[PDB]
RNA sequence: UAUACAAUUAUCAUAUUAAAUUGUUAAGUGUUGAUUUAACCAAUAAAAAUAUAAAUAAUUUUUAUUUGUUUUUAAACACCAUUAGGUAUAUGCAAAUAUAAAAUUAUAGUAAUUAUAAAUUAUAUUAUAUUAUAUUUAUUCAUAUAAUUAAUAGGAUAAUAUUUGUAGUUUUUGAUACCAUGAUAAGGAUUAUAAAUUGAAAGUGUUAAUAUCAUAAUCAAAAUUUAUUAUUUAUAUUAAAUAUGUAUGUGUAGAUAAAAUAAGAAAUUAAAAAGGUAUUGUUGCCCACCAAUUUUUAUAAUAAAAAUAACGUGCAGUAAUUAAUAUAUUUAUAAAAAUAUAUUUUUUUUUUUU
Ligand SMILES: [Mg+2]
Ligand SMILES: [Mg+2]
Ligand SMILES: [Mg+2]
Ligand SMILES: [Mg+2]
Ligand SMILES: [Mg+2]
Ligand SMILES: [Mg+2]
Ligand SMILES: [Mg+2]
Ligand SMILES: [Mg+2]
Ligand SMILES: [Mg+2]
Ligand SMILES: [Mg+2]
Ligand SMILES: [Mg+2]
Ligand SMILES: [Mg+2]
């Protein structure tokens, strides 16, 4: 890769813009996971049946010391709002916290409550060249 | 300069000395140049043209047991029509060379016949013997053609030659029959050809072809015979020899006789010469 | 012809070399040895071509 | 050529070389081997 | 092709190179040959 | 294949900015969601333009004859209950059976986005005058 | 041409 | 195979025959195929036909165009003949004339220096064997009539100065 | 330190038997104005044609005579300077390649040589037949993450093993996040039709002798800046792994892509002559001024000459970016440049009365 954002920058090649078979791209990057729909609200990026049980990740499975963030496929439950306990999720740069609890979240997965690609951009994680290219696309002011 | 270094390979039970100096080079400005060729037992004998010097009982056994090579060549070329062989351009080339082998002597004799005004009476045993001896000396390589020719024209004939020539010739050009009859006679009496007729035929034929040429019986003295610089084999005088956007890249793809067949290291997509991609239906 | 004209069962498409070779080194049997004696257009049987044989049989 | 050596069974460039049997030769067994018959080992297990 | 001019039409191998010569053009109408032969012969006598 | 340049460090106080921005993006999304649900339901509940294309048959026919007779006397109540939404309208026509095989085959219907216009729509421009602040997938007025 | 030596 | 025959094939690099050392590159220009001075087969025809076209449009004469296309039909074979004969000339010229680029050029004045020398020598012995390569001073456009009595009005021999 | 040119043909400065010298011809006004030049500027434009014979050959002209410098512009061209002007071609002075010589340089003590020519160096409009580029369709192109690579060990139907439960820390250092040679890609431009392929060697991350900073590797659910990518465009539109909310705008700039192959397209081609101060050869060599120093002397703005490897100008030369070479005269940061003559150690272009 051109820039190494992780270790894998060293190991992987891009291969230009290369086509992969349908719904298998090596890296699952869900840009769409928060993509508003009123009519599809309960069917989009959620369980295919409402009679399914909540995933593994809503439960404490073993003897734990504690966790840092809960997984993002965990589904937001009335207790998430009510209990007033830390609810963290791993997003980038670091972690997203649900601080301001609402019932409107309930019954959806935190995938869906966390905007993956923010309209906010750090100018300090960008090279002067990259900043130029972000000004061309009409994102950054200059 | 980050100059690349190559460590010498020493001879090994599978990697003998000559294999090493020929297939491996320690100087890497000489890599990726091109292929070199060498010859082995028979192809070496062809290229080097080593005349066999005569020897003991085996060599005369094989001078007497030889038979007609003019014919054997012909047979071997023909034999390519056999079910288990192909017809070769090489086999043909060998036949051709044996048939057309008679230009060195036949050419010379053509010159003595047609290139000389007034070579005396060529039936007389004197001049006849001159010609005979010189011929046998052009064959068996004992003399240069040029030297034997200048020998022939400077040979001793008869006192006051020109002034006896004024009693026969006007412009000093004699008749050419005696010359050709003698020149055929000599090749017959000497053992020059295996089959008797060939001598006369060739000596005749080569003259008939030159008859049509502009200033036919004159020759530039430098090109007339062996000299440092020569004419191309087509122009020698009495000689016997007188898609499309991709086919750089298709260079292997027809029906190609090979020498070395290509190999998968050197050829990425080629399938081989025998292959038919677009076959028709045949009963 | 690139290679001798012989029933192709005698040839093998070489590995690693673009060329065919003979699966019996250099021996060659002519077409005549595939068919019965004096077989019309060397043929298992003279009456019909392959397809003719099939549908006659059917 | 490499730090990983060729494995002589799967490589045709070993198998079909001049030091082994080419695929166009006649493929029969070379010599028979009687090992177990000539000198036989008595059974002793590692486990009792 | 690529940033370079197209080859002239004659620089490609023949478009119909794989079609036999008896197909281009087809000589059909053989049925009539004999007919017209007789006809012409007849006319001569007339 | 060049060695990948190292990525610059993240930013100072950008963790706070990202937290806040996502936080109130979500808070905003609650009202965007509330509002688009309101819109979706308001659309389902309100009337639409007639789904059938009158340029073809059996629909071109004068409103006093044929299919329109069949509609005024037998189907009217139902057609109004479903508010001329194009899906239930087409289904009702299949179930009235007095047209029968024609509904899909001979009859033509307006395209999706036109059929979705509010009843009363006069100019075509209306398709583009609906609210873009709301996430209904064109199911909003 | 003048600068060619570099 | 091309060593010792220094001329290479034909239509090929170093195939050109030489005449007193300078190569023969004009062959087609000789037989008048493809030259500016090139021989023209039919003129009277083409002129006749052109006249016909220019005169009037009421009558159209294809008779002229028939005489002309006849003429052309012959011209083709004529030209192939001339070309063939010319290639035979190239062959003959190579055999019996050309030196194969082995003799010194005769075609530029310095090659003839010795000749000019012979002339300079003469003008020197006329001058009492003195001024070699010397020539009279060029005077003026009208030196004779612009000069007064007592000065040389015409250019003298160099020794005479 | 002494120790044997040539004398048949040798290019820079010591000439020598030679007939010349003298000729008064030509050309010039009608009228309203873009000539010459690659480009500038001054500003009437037309013109100067004739002489052979004869002169005897050699022996004391060498302080004698002689080798393109020239009055008159009130006459031009031309050249030089730039609108002002200069100059505009053998009456003074002036020996000088046409070879009499002994290795290069150098005023005749300097450095150790120099000079030289044919090997090699891709484009200068030479010819029918073996048969066609001027058609069609395209162009909004984005996607990577949460560190420990080092060894063997067999079980039922077996003539007997607790070997059920096999237990000896600790001296080495590279493929790593890091310098650490090799090897396969892509890229149509003239071996054609018959029984036949429209994909190439000149090398595109992962591979074998240079080590001497660091555990960075996917087992899910994740963060767009990257030249190198054919997406669904208006009757009906989210059900199983979770699967994309955005750009309706007169098929509309510039610029671009693809194809003669079971498809269907039909008429505007190339060959043959050429130079090297370099020597795997133009990314080659070289030239002067401009500093230090070394050394000889016949000390001219600032002595001359020879060694020489800095710095700074340039680009003089190798037919070399207005061809070079020699003489002459002028000019000047420096190679050098302008003009007047000769000349090829410069490459050639060729009417036997039209
Ligand atoms: Mg040449
Ligand atoms: Mg002298
Ligand atoms: Mg490589
Ligand atoms: Mg690991
Ligand atoms: Mg000194
Ligand atoms: Mg000095
Ligand atoms: Mg220069
Ligand atoms: Mg110059
Ligand atoms: Mg120059
Ligand atoms: Mg000069
Ligand atoms: Mg200067
Ligand atoms: Mg000068």
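Protein chains in written order, with the UniProt record's numbering: chain A, 31 to 172; chain B, 15 to 256, 266 to 306; chain C, 60 to 117; chain D, 10 to 57; chain E, 10 to 55; chain F, 29 to 169; chain G, 295 to 300; chain H, 55 to 215. Each residue gets a CB set at the ideal place from its N, CA and C atoms; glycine is no exception.
In the structure shown, residue 52 of chain A falls within a coil segment according to DSSP collapsed to helix, strand and coil.
Cβ proximity to chain B below 7 Å picks out 145, 146, 148, 149, 150, 154 from the segment 137-155 of chain H. Within chain C, the residues 76, 77, 78 have their CB atoms less than 7 Å from the CB of residue 284 of chain B, given in chain order. One Cα belongs to residue 55 of chain F, the other to residue 68 of chain A, and the distance between them is close to 16 Å. Assigned with DSSP and collapsed to three states, residue 72 of chain C falls in strand.
The Cβ atoms of residue 90 of chain B and residue 208 of chain B lie no closer than 9 Å to each other. With respect to the 9 Å criterion, residue 148 of chain B and residue 162 of chain B are classified as neighbours on the basis of their beta carbons.
In its own chain, leaving out the 5 sequence neighbours on each side, no residue places its CB closer than 6 Å to the CB of residue 57 of chain D. The Cβ-Cβ distance between residue 240 of chain B and residue 160 of chain B falls below 9 Å.
Residue state for residue 89 of chain B is assigned as helix, using DSSP reduced to three classes. The alpha carbon of residue 184 of chain B has as its nearest neighbour, out of B/238, B/191, B/131, B/122, the alpha carbon of B/131.
Scanning chain B for C-beta atoms nearer than 8 Å to the C-beta of residue 20 of chain E yields 266, 267, 268, reported in chain order.
Looking at the backbone, the Cα of residue 59 of chain A and that of residue 166 of chain F are separated by about 27 Å. The C-alpha of residue 104 of chain C is placed about 25 Å away from the C-alpha of residue 302 of chain B. As the crow flies, the alpha-carbon of residue 63 of chain A is around 9 Å from that of residue 139 of chain A. The C-beta distance from residue 59 of chain H to residue 43 of chain B rounds to 34 Å, too long to meet the 8 Å contact threshold.
Close CB contacts of residue 150 of chain A within its chain, under the 6 Å cut and outside five residues either way in sequence, are absent. The way I'd put it, the segment 78-97 of chain H doesn't touch the segment 91-108 of chain F; fewer than three beta-carbon pairs between them come closer than 8 Å. Excluding five sequence positions before and after residue 78 of chain A, none of the CB atoms of its chain fall closer than 6 Å to its own CB. Ranked by Cα distance from residue 189 of chain B, the first of B/135, B/154, B/75 is B/135. Counting along the chain, residue 151 of chain B sits inside no beta strand (DSSP E); it lies in the alpha helix (DSSP H) bounded by residues 139-152. Around the Cβ of residue 141 of chain A, a 10 Å sphere holds 16 or more other Cβ atoms; the residue is buried. A distance of 9 Å or more separates the beta carbons of residue 76 of chain C and residue 282 of chain B. Around the beta carbon of residue 168 of chain F, 16 or more other beta carbons lie within 10 angstroms, which makes this residue buried. The alpha-carbon of residue 159 of chain A is positioned some 32 Å away from that of residue 119 of chain A. Contact annotation for residue 301 of chain B against chain E: 27 [CB-CB distance below 7 Å, chain order]. In chain order, 74, 75 make up the part of chain C whose C-beta sits under 8 Å from the C-beta of residue 21 of chain D. Three or more Cβ pairs closer than 8 Å define a contact, and the segment 97-113 of chain H falls short of that threshold against the segment 148-168 of chain H. Its chain contains 31, 34 as the residues whose beta carbon lies nearer than 7 Å to that of residue 25 of chain B, once the 5 sequence neighbours on both sides are disregarded; these appear in chain order.
The Cβ atoms of residue 206 of chain B and residue 156 of chain H lie no closer than 9 Å to each other. The segment 267-280 of chain B and the segment 119-126 of chain B do not touch, with fewer than 3 CB-CB distances between them shorter than 8 Å. Beyond the five residues adjoining it in sequence on each side, residue 116 of chain F comes within less than 7 Å, by CB distance, of 110 in the same chain, given in chain order. Separation of the CB atoms of residue 111 of chain A and residue 132 of chain A is rounded to 7 Å, and the pair is thereby assigned contact status at 8 Å.
With respect to chain C, the C-beta atom of residue 32 of chain D has a partner C-beta closer than 9 Å. Close to residue 14 of chain E, with beta-carbon spacing below 8 Å, lies no residue of chain B; the smallest spacing is near 12 Å.
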